[PDB]
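Participant: Take a look at structure_32.txt, compact mmCIF, C-alpha atoms and all ligand atoms:
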# COMPACT_ATOMS: atom_id res chain seq x y z
CA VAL C 363 0.00 0.00 0.00
CA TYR C 364 2.71 2.51 1.13
CA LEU C 365 5.47 2.87 -1.51
CA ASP C 366 9.18 3.81 -1.18
CA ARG C 367 9.92 7.36 -2.58
CA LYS C 368 13.56 6.31 -3.36
CA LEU C 369 12.19 3.75 -5.94
CA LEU C 370 9.95 6.40 -7.63
CA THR C 371 11.28 8.65 -10.44
CA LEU C 372 8.99 11.46 -11.73
CA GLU C 373 9.16 13.30 -15.09
CA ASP C 374 9.14 17.17 -14.97
CA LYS C 375 6.37 17.83 -17.58
CA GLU C 376 2.72 17.31 -16.58
CA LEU C 377 0.27 15.09 -18.52
CA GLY C 378 -2.85 16.90 -17.28
CA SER C 379 -4.58 18.50 -14.27
CA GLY C 380 -7.76 18.69 -12.17
CA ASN C 381 -9.08 20.40 -9.00
CA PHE C 382 -6.84 17.94 -6.97
CA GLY C 383 -3.55 18.96 -8.63
CA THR C 384 -1.59 17.36 -11.51
CA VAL C 385 -1.05 13.99 -13.27
CA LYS C 386 2.61 13.13 -14.14
CA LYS C 387 4.44 10.17 -15.75
CA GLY C 388 6.91 8.22 -13.62
CA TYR C 389 8.80 4.99 -13.03
CA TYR C 390 8.61 2.60 -10.09
CA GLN C 391 11.66 0.37 -9.59
CA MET C 392 10.87 -3.29 -8.89
CA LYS C 393 13.53 -6.00 -8.19
CA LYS C 394 14.16 -7.13 -11.81
CA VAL C 395 11.93 -4.75 -13.88
CA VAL C 396 10.75 -1.11 -13.90
CA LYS C 397 7.02 -0.15 -14.01
CA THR C 398 5.82 2.89 -16.02
CA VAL C 399 3.23 4.73 -13.87
CA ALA C 400 0.75 7.65 -13.96
CA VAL C 401 0.80 9.65 -10.69
CA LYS C 402 -1.88 12.00 -9.20
CA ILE C 403 0.05 14.71 -7.20
CA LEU C 404 -1.89 16.87 -4.67
CA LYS C 405 -1.67 20.70 -4.88
CA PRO C 411 -6.94 18.79 4.70
CA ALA C 412 -9.98 18.11 2.40
CA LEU C 413 -7.87 17.07 -0.66
CA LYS C 414 -5.68 14.67 1.45
CA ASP C 415 -8.85 12.97 2.82
CA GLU C 416 -10.32 12.73 -0.76
CA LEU C 417 -7.06 11.12 -2.07
CA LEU C 418 -6.87 8.58 0.81
CA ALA C 419 -10.57 7.67 0.24
CA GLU C 420 -9.94 7.32 -3.58
CA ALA C 421 -6.94 5.00 -2.83
CA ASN C 422 -9.07 2.94 -0.37
CA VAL C 423 -11.68 2.28 -3.14
CA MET C 424 -9.12 1.48 -5.89
CA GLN C 425 -7.19 -1.01 -3.67
CA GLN C 426 -10.42 -3.13 -3.34
CA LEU C 427 -10.95 -3.40 -7.15
CA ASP C 428 -9.59 -6.19 -9.41
CA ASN C 429 -10.92 -6.14 -13.04
CA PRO C 430 -9.25 -5.96 -16.54
CA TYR C 431 -11.31 -2.85 -17.42
CA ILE C 432 -10.45 -0.76 -14.28
CA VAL C 433 -7.09 1.10 -13.78
CA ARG C 434 -4.82 -0.72 -11.24
CA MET C 435 -3.46 1.24 -8.25
CA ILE C 436 0.20 0.35 -7.37
CA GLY C 437 0.05 2.29 -4.07
CA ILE C 438 0.32 5.66 -2.32
CA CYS C 439 3.40 7.70 -1.24
CA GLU C 440 3.76 10.59 1.26
CA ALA C 441 6.69 12.81 0.21
CA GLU C 442 6.85 16.55 -0.85
CA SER C 443 3.09 16.09 -1.45
CA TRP C 444 0.62 13.12 -1.26
CA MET C 445 0.78 10.86 -4.39
CA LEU C 446 -1.56 8.18 -5.86
CA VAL C 447 0.52 5.82 -8.16
CA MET C 448 -1.34 3.89 -10.93
CA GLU C 449 -0.33 1.50 -13.77
CA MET C 450 0.23 3.66 -16.95
CA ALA C 451 -2.36 3.62 -19.82
CA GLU C 452 -0.15 5.31 -22.50
CA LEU C 453 -2.73 6.58 -25.03
CA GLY C 454 -4.59 8.88 -22.57
CA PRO C 455 -8.25 9.96 -22.14
CA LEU C 456 -10.89 8.59 -24.56
CA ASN C 457 -12.46 12.01 -25.42
CA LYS C 458 -9.07 13.56 -26.41
CA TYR C 459 -8.02 10.41 -28.36
CA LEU C 460 -11.23 10.48 -30.49
CA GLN C 461 -10.92 14.31 -31.10
CA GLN C 462 -7.35 13.66 -32.48
CA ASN C 463 -8.18 10.41 -34.40
CA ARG C 464 -11.38 11.13 -36.42
CA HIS C 465 -10.90 8.01 -38.68
CA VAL C 466 -11.50 5.44 -35.83
CA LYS C 467 -14.16 3.04 -37.19
CA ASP C 468 -17.67 2.51 -35.76
CA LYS C 469 -16.89 -1.18 -34.87
CA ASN C 470 -13.87 0.07 -32.84
CA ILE C 471 -16.06 2.59 -30.89
CA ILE C 472 -18.56 -0.24 -30.02
CA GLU C 473 -15.60 -2.43 -28.84
CA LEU C 474 -14.36 0.31 -26.42
CA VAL C 475 -17.80 1.28 -24.97
CA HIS C 476 -18.56 -2.49 -24.48
CA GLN C 477 -15.29 -2.75 -22.41
CA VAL C 478 -16.46 0.20 -20.24
CA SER C 479 -19.84 -1.64 -19.70
CA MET C 480 -17.91 -4.79 -18.54
CA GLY C 481 -15.96 -2.74 -15.96
CA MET C 482 -19.23 -1.12 -14.79
CA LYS C 483 -21.05 -4.51 -14.55
CA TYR C 484 -18.21 -5.56 -12.12
CA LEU C 485 -18.48 -2.28 -10.12
CA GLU C 486 -22.31 -2.80 -9.83
CA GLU C 487 -21.76 -6.46 -8.62
CA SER C 488 -19.22 -5.08 -6.06
CA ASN C 489 -21.81 -2.48 -4.76
CA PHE C 490 -19.66 0.63 -5.51
CA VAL C 491 -21.01 3.77 -7.23
CA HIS C 492 -18.51 5.68 -9.52
CA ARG C 493 -20.33 9.13 -9.55
CA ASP C 494 -18.07 10.64 -12.32
CA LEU C 495 -18.50 8.32 -15.36
CA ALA C 496 -17.54 10.45 -18.40
CA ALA C 497 -15.29 9.95 -21.51
CA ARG C 498 -12.51 12.13 -19.90
CA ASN C 499 -12.32 9.42 -17.15
CA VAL C 500 -11.79 6.43 -19.52
CA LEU C 501 -8.07 5.81 -20.33
CA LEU C 502 -6.69 3.90 -23.36
CA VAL C 503 -4.00 1.14 -22.98
CA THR C 504 -4.16 0.59 -26.81
CA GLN C 505 -6.62 1.68 -29.57
CA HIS C 506 -8.52 -1.59 -28.70
CA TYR C 507 -8.33 -1.59 -24.82
CA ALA C 508 -10.09 0.90 -22.48
CA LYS C 509 -9.95 1.14 -18.62
CA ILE C 510 -12.05 3.24 -16.15
CA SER C 511 -10.22 5.62 -13.73
CA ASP C 512 -10.90 8.69 -11.47
CA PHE C 513 -12.51 7.28 -8.28
CA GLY C 514 -12.39 10.59 -6.29
CA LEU C 515 -16.22 10.82 -5.96
CA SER C 516 -16.78 7.01 -5.64
CA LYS C 517 -18.60 5.39 -2.69
CA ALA C 518 -18.92 1.86 -1.18
CA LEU C 519 -22.68 1.36 -0.63
CA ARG C 520 -23.96 0.50 2.90
CA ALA C 521 -25.04 -3.18 3.36
CA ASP C 522 -28.69 -2.03 3.96
CA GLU C 523 -29.03 0.61 1.15
CA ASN C 524 -29.09 0.59 -2.70
CA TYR C 525 -27.96 4.25 -2.91
CA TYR C 526 -25.62 6.92 -1.50
CA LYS C 527 -27.27 10.15 -0.21
CA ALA C 528 -25.15 13.30 -0.61
CA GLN C 529 -25.33 15.96 2.13
CA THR C 530 -25.05 19.32 0.20
CA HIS C 531 -24.55 19.56 -3.63
CA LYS C 533 -18.94 21.02 -7.78
CA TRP C 534 -20.91 18.35 -9.72
CA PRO C 535 -20.65 17.24 -13.43
CA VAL C 536 -24.39 18.08 -13.87
CA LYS C 537 -24.62 17.24 -17.64
CA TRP C 538 -23.76 13.57 -16.79
CA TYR C 539 -26.15 13.30 -13.76
CA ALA C 540 -29.55 11.50 -13.65
CA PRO C 541 -32.78 13.36 -12.55
CA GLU C 542 -32.82 11.63 -9.07
CA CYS C 543 -29.20 12.89 -8.42
CA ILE C 544 -30.29 16.51 -9.12
CA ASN C 545 -33.72 16.31 -7.39
CA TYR C 546 -33.06 14.00 -4.40
CA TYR C 547 -29.19 13.82 -4.09
CA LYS C 548 -29.48 9.97 -4.49
CA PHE C 549 -26.66 8.05 -6.29
CA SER C 550 -27.02 4.35 -7.31
CA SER C 551 -25.61 1.98 -9.97
CA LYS C 552 -28.71 3.00 -12.04
CA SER C 553 -27.59 6.70 -11.86
CA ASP C 554 -24.16 5.51 -13.21
CA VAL C 555 -26.20 3.85 -16.13
CA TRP C 556 -27.61 7.35 -17.01
CA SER C 557 -23.99 8.75 -17.04
CA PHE C 558 -22.91 5.75 -19.25
CA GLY C 559 -25.56 6.85 -21.83
CA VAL C 560 -23.93 10.36 -21.96
CA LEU C 561 -20.47 8.64 -22.27
CA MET C 562 -21.82 6.56 -25.25
CA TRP C 563 -23.06 9.81 -26.93
CA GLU C 564 -19.59 11.44 -26.37
CA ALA C 565 -17.77 8.39 -27.91
CA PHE C 566 -19.98 8.16 -31.05
CA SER C 567 -19.61 12.02 -31.37
CA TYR C 568 -15.74 11.64 -31.36
CA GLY C 569 -15.23 13.48 -28.05
CA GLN C 570 -17.64 16.41 -28.53
CA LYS C 571 -19.11 17.94 -25.33
CA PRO C 572 -22.79 17.00 -24.52
CA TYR C 573 -25.62 19.63 -24.47
CA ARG C 574 -23.49 22.15 -26.47
CA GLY C 575 -23.94 25.80 -25.43
CA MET C 576 -26.53 25.05 -22.71
CA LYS C 577 -26.66 26.07 -19.02
CA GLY C 578 -27.33 23.43 -16.30
CA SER C 579 -30.85 24.86 -15.73
CA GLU C 580 -31.54 24.64 -19.53
CA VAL C 581 -30.47 20.91 -19.48
CA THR C 582 -33.01 20.29 -16.60
CA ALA C 583 -35.83 22.00 -18.59
CA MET C 584 -34.96 19.96 -21.73
CA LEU C 585 -35.05 16.61 -19.83
CA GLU C 586 -38.32 17.56 -18.01
CA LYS C 587 -40.05 18.14 -21.41
CA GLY C 588 -38.99 14.53 -22.26
CA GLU C 589 -36.41 15.68 -24.84
CA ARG C 590 -33.04 13.90 -25.33
CA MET C 591 -29.85 14.54 -27.42
CA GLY C 592 -30.00 13.50 -31.10
CA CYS C 593 -28.31 10.58 -32.85
CA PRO C 594 -24.60 11.36 -33.67
CA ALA C 595 -23.55 11.23 -37.37
CA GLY C 596 -22.78 7.63 -38.39
CA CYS C 597 -24.02 6.12 -35.09
CA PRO C 598 -26.04 2.85 -35.67
CA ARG C 599 -29.76 2.94 -34.70
CA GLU C 600 -29.26 0.00 -32.24
CA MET C 601 -26.64 2.07 -30.30
CA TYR C 602 -28.83 5.21 -30.26
CA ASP C 603 -31.75 3.06 -28.96
CA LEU C 604 -29.44 1.83 -26.10
CA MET C 605 -28.39 5.46 -25.22
CA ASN C 606 -32.11 6.36 -24.99
CA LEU C 607 -32.82 3.33 -22.72
CA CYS C 608 -29.96 4.51 -20.38
CA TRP C 609 -31.80 7.90 -20.27
CA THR C 610 -35.04 6.40 -18.76
CA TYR C 611 -36.35 9.16 -16.42
CA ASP C 612 -37.73 6.85 -13.69
CA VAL C 613 -34.85 5.01 -11.82
CA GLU C 614 -37.12 1.97 -11.18
CA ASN C 615 -37.68 1.33 -14.94
CA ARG C 616 -34.08 2.14 -16.05
CA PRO C 617 -31.91 -0.97 -16.84
CA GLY C 618 -28.93 -2.05 -14.70
CA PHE C 619 -25.41 -2.77 -16.07
CA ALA C 620 -26.04 -6.53 -16.47
CA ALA C 621 -28.80 -5.72 -19.09
CA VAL C 622 -26.73 -2.88 -20.75
CA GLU C 623 -23.55 -5.05 -21.07
CA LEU C 624 -25.57 -7.97 -22.61
CA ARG C 625 -27.17 -5.68 -25.29
CA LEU C 626 -23.72 -4.22 -26.21
CA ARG C 627 -22.03 -7.69 -26.24
CA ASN C 628 -24.66 -9.15 -28.63
CA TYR C 629 -24.57 -6.11 -30.98
CA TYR C 630 -20.72 -6.09 -31.00
CA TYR C 631 -20.64 -9.82 -32.07
CA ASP C 632 -23.24 -9.08 -34.82
CA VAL C 633 -20.97 -6.30 -36.26
CA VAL C 634 -17.81 -8.54 -35.91
CA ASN C 635 -19.27 -11.58 -37.71
CA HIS C 636 -20.84 -9.29 -40.42
CA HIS C 637 -17.38 -7.69 -41.05
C1 LIG Q 701 -3.49 14.32 -21.69
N1 LIG Q 701 -3.45 13.25 -20.69
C2 LIG Q 701 -4.17 13.23 -19.52
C3 LIG Q 701 -3.94 12.07 -18.85
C4 LIG Q 701 -3.08 11.27 -19.68
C5 LIG Q 701 -2.46 10.01 -19.54
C6 LIG Q 701 -2.78 9.10 -18.43
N2 LIG Q 701 -3.53 9.44 -17.39
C7 LIG Q 701 -3.67 8.28 -16.65
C8 LIG Q 701 -4.37 7.93 -15.43
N3 LIG Q 701 -5.24 8.86 -14.79
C9 LIG Q 701 -5.48 10.15 -15.11
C10 LIG Q 701 -6.45 10.61 -14.28
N4 LIG Q 701 -7.02 11.84 -14.21
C11 LIG Q 701 -7.02 12.75 -15.35
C12 LIG Q 701 -7.43 14.17 -14.95
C13 LIG Q 701 -7.40 15.06 -16.17
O1 LIG Q 701 -8.27 14.56 -17.21
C14 LIG Q 701 -7.88 13.24 -17.64
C15 LIG Q 701 -7.90 12.23 -16.50
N5 LIG Q 701 -9.31 12.05 -16.11
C16 LIG Q 701 -6.79 9.51 -13.47
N6 LIG Q 701 -6.08 8.43 -13.79
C17 LIG Q 701 -4.29 6.61 -14.97
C18 LIG Q 701 -3.54 5.69 -15.68
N7 LIG Q 701 -2.90 5.97 -16.82
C19 LIG Q 701 -2.98 7.24 -17.26
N8 LIG Q 701 -2.44 7.77 -18.41
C20 LIG Q 701 -1.68 9.52 -20.60
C21 LIG Q 701 -1.38 10.33 -21.69
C22 LIG Q 701 -1.95 11.59 -21.83
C23 LIG Q 701 -2.78 12.05 -20.82
Please re-express this file's structure in structure tokens.

Facilitator:
Amino acid sequence: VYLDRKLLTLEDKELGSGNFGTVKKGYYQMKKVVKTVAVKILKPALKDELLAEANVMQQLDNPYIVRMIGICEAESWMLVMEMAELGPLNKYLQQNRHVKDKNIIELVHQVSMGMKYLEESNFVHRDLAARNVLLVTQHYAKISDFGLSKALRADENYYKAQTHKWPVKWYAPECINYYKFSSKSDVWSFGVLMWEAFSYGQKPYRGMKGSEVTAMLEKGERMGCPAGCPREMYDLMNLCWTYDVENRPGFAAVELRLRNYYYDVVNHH
């Protein structure tokens, strides 16, 4: 869990940043090999958030979730993860506009497999967006960014937030109206992630305020079908955006629909 600072080498340049601080590339020296790593470096509330994020990630073991190597307390608090070299999914698709439809289905199906595992494990992600999916290769995606994640109580199917910055354009109506977060609210966010991927990393609800997004959803309106997106995939996005939590599908149903459609496209090609 606790790593040795003497075995960690950090690069000067930063990969990216957030409200927590920066993300940098590094190397962790093992006995016979060296591990390339991605490190979150903090800029009392942020320290507690990083320790809680590390506590969630250490409990997870799935091919489609980023692996945490450990934590280190040096000049600042650090969260060390296994490196996914190609970076965030939204940026990759903005820079590689020729990625084929079959390849987009493959990647979003991998995200649904990671989420099916998280649902089975009774954890809620609470920040599922394309910026938080990292690419190992052009054909292998992993979920990261567990800073808002929660382990559900044994007697409850949801997490209740006490006081509302939130990524509002990815949040379900019950999150906004009742501050209730469940695996089904993560399904709503997964629908927005699908729209971002098929739109090659474009931002959802372009040019709209948070209050204007609420009014749109209340009228029963939803974002349109991205250019070149198959009807079957747009139908699935719309099912993820079921207003009533009770009638919205869970990740077992979403993953099965994606798996069957992916195989249909593979065997047709
Ligand atoms: C531009 N850029 C931004 C990141 C990145 C990387 C890269 N980040 C990695 C990473 N994590 C990055 C975050 N949080 C950041 C916050 C800023 O927005 C993007 C992410 N959501 C959490 N885990 C885990 C494992 N491997 C990673 N590899 C590689 C190459 C380029 C990169």

Participant: Using Å and a single decimal, report how far atom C17 of ligand LIG 701 (chain Q) sits from CA of residue 366 (chain C).

Facilitator: 19.5 Å

Participant: For residue 387 (chain C), which residue out of C:449, C:552, C:427, C:509 is the nearest one, using only C-alpha atoms?

Facilitator: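 So, comparing all the options, the nearest one is C:449.
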
Participant: Set out as CSV a contact list for chain C and ligand LIG 701 (chain Q) with a cut-off of 6 Å, giving each residue of chain C that qualifies its closest atom pair and distance in Å to one decimal, counting all atoms listed in the file, ordered by chain and rising residue number.

Facilitator:
residue,atom,partner,partner_atom,distance
C:377,CA,Q:LIG701,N1,4.7
C:378,CA,Q:LIG701,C2,4.5
C:379,CA,Q:LIG701,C13,4.8
C:380,CA,Q:LIG701,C12,5.3
C:400,CA,Q:LIG701,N7,4.9
C:448,CA,Q:LIG701,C18,5.5
C:449,CA,Q:LIG701,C18,5.6
C:450,CA,Q:LIG701,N7,3.9
C:451,CA,Q:LIG701,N7,3.8
C:452,CA,Q:LIG701,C20,4.9
C:453,CA,Q:LIG701,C21,5.2
C:454,CA,Q:LIG701,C20,3.6
C:455,CA,Q:LIG701,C14,5.6
C:498,CA,Q:LIG701,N5,5.0
C:499,CA,Q:LIG701,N5,4.1
C:511,CA,Q:LIG701,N6,5.0
C:512,CA,Q:LIG701,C16,4.6

Participant: Near residue 560 (chain C), counting all atoms listed in the file, which residues have an atom at most 12 Å away, once you skip same-chain residues fewer than 4 positions from it, shown as a PyMOL selection string?

Facilitator: chain C and resi 475+494-498+535-540+553-556+564-567+569-573+590-594+602+604-609

Participant: Take the residues from that selection and write them out as a compact mmCIF listing (two decimals), keeping the file's coordinate frame, keeping C-alpha atoms.

Facilitator:
# COMPACT_ATOMS: atom_id res chain seq x y z
CA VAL C 475 -17.80 1.28 -24.97
CA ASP C 494 -18.07 10.64 -12.32
CA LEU C 495 -18.50 8.32 -15.36
CA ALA C 496 -17.54 10.45 -18.40
CA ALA C 497 -15.29 9.95 -21.51
CA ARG C 498 -12.51 12.13 -19.90
CA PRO C 535 -20.65 17.24 -13.43
CA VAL C 536 -24.39 18.08 -13.87
CA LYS C 537 -24.62 17.24 -17.64
CA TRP C 538 -23.76 13.57 -16.79
CA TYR C 539 -26.15 13.30 -13.76
CA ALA C 540 -29.55 11.50 -13.65
CA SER C 553 -27.59 6.70 -11.86
CA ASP C 554 -24.16 5.51 -13.21
CA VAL C 555 -26.20 3.85 -16.13
CA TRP C 556 -27.61 7.35 -17.01
CA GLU C 564 -19.59 11.44 -26.37
CA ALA C 565 -17.77 8.39 -27.91
CA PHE C 566 -19.98 8.16 -31.05
CA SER C 567 -19.61 12.02 -31.37
CA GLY C 569 -15.23 13.48 -28.05
CA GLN C 570 -17.64 16.41 -28.53
CA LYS C 571 -19.11 17.94 -25.33
CA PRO C 572 -22.79 17.00 -24.52
CA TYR C 573 -25.62 19.63 -24.47
CA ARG C 590 -33.04 13.90 -25.33
CA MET C 591 -29.85 14.54 -27.42
CA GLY C 592 -30.00 13.50 -31.10
CA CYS C 593 -28.31 10.58 -32.85
CA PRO C 594 -24.60 11.36 -33.67
CA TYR C 602 -28.83 5.21 -30.26
CA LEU C 604 -29.44 1.83 -26.10
CA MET C 605 -28.39 5.46 -25.22
CA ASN C 606 -32.11 6.36 -24.99
CA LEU C 607 -32.82 3.33 -22.72
CA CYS C 608 -29.96 4.51 -20.38
CA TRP C 609 -31.80 7.90 -20.27

Participant: When distances are computed from all atoms listed in the file, which of C:476, C:544, C:515, C:610 shows the smallest separation from residue 588 (chain C)?

Facilitator: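 Of all the options, C:610 lies closest to residue 588 (chain C).
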
Participant: Rank nothing, just name the residue among C:547, C:390, C:558, C:513 nearest to residue 477 (chain C), using all atoms listed in the file.

Facilitator: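 Smallest separation from residue 477 (chain C) among the options: C:558.
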
Participant: Measuring between only C-alpha atoms, which one of C:579, C:529, C:504, C:557 shows the shortest distance to residue 492 (chain C)?

Facilitator: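 Of all the options, C:557 lies closest to residue 492 (chain C).
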
Participant: Fix up region 430-448 of chain C with N, CA, C and O atoms, then write it as a short mmCIF file (atom, residue, chain, number, x, y, z; two decimals), keeping the file's coordinate frame.

Facilitator:
data_model
loop_
_atom_site.label_atom_id
_atom_site.label_comp_id
_atom_site.auth_asym_id
_atom_site.auth_seq_id
_atom_site.Cartn_x
_atom_site.Cartn_y
_atom_site.Cartn_z
N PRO C 430 -10.08 -6.39 -15.40
CA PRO C 430 -9.25 -5.96 -16.54
C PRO C 430 -9.59 -4.59 -17.11
O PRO C 430 -8.74 -3.98 -17.75
N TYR C 431 -10.82 -4.11 -16.85
CA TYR C 431 -11.31 -2.85 -17.42
C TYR C 431 -11.38 -1.70 -16.40
O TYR C 431 -12.06 -0.70 -16.65
N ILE C 432 -10.61 -1.81 -15.28
CA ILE C 432 -10.45 -0.76 -14.28
C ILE C 432 -8.94 -0.54 -14.07
O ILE C 432 -8.20 -1.53 -13.91
N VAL C 433 -8.50 0.74 -14.04
CA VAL C 433 -7.09 1.10 -13.78
C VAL C 433 -6.63 0.53 -12.43
O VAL C 433 -7.34 0.68 -11.43
N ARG C 434 -5.44 -0.11 -12.42
CA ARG C 434 -4.82 -0.72 -11.24
C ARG C 434 -4.02 0.32 -10.45
O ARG C 434 -3.19 1.03 -11.03
N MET C 435 -4.23 0.37 -9.13
CA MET C 435 -3.46 1.24 -8.25
C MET C 435 -2.25 0.44 -7.75
O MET C 435 -2.45 -0.66 -7.22
N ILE C 436 -1.03 0.98 -7.89
CA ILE C 436 0.20 0.35 -7.37
C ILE C 436 0.30 0.63 -5.85
O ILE C 436 0.57 -0.28 -5.05
N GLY C 437 0.03 1.88 -5.46
CA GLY C 437 0.05 2.29 -4.07
C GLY C 437 0.02 3.79 -3.90
O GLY C 437 -0.24 4.52 -4.86
N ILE C 438 0.27 4.25 -2.67
CA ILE C 438 0.32 5.66 -2.32
C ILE C 438 1.69 5.98 -1.71
O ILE C 438 2.37 5.08 -1.19
N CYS C 439 2.11 7.25 -1.79
CA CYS C 439 3.40 7.70 -1.24
C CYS C 439 3.27 9.10 -0.64
O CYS C 439 2.70 9.98 -1.27
N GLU C 440 3.78 9.29 0.59
CA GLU C 440 3.76 10.59 1.26
C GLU C 440 5.17 11.17 1.24
O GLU C 440 6.05 10.71 1.97
N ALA C 441 5.40 12.14 0.35
CA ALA C 441 6.69 12.81 0.21
C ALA C 441 6.45 14.33 0.24
O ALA C 441 5.73 14.80 1.12
N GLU C 442 7.01 15.09 -0.74
CA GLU C 442 6.85 16.55 -0.85
C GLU C 442 5.37 16.93 -0.83
O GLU C 442 5.00 17.96 -0.28
N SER C 443 4.54 16.04 -1.40
CA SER C 443 3.09 16.09 -1.45
C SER C 443 2.58 14.63 -1.44
O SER C 443 3.38 13.71 -1.60
N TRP C 444 1.26 14.44 -1.23
CA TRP C 444 0.62 13.12 -1.26
C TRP C 444 0.49 12.69 -2.73
O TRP C 444 0.13 13.51 -3.58
N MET C 445 0.80 11.40 -3.02
CA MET C 445 0.78 10.86 -4.39
C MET C 445 0.00 9.55 -4.49
O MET C 445 0.13 8.69 -3.62
N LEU C 446 -0.79 9.39 -5.56
CA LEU C 446 -1.56 8.18 -5.86
C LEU C 446 -0.95 7.60 -7.15
O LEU C 446 -1.03 8.23 -8.19
N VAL C 447 -0.24 6.44 -7.05
CA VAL C 447 0.52 5.82 -8.16
C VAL C 447 -0.31 4.71 -8.83
O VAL C 447 -0.72 3.76 -8.16
N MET C 448 -0.53 4.83 -10.16
CA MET C 448 -1.34 3.89 -10.93
C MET C 448 -0.54 3.29 -12.08
O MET C 448 0.40 3.93 -12.56
#
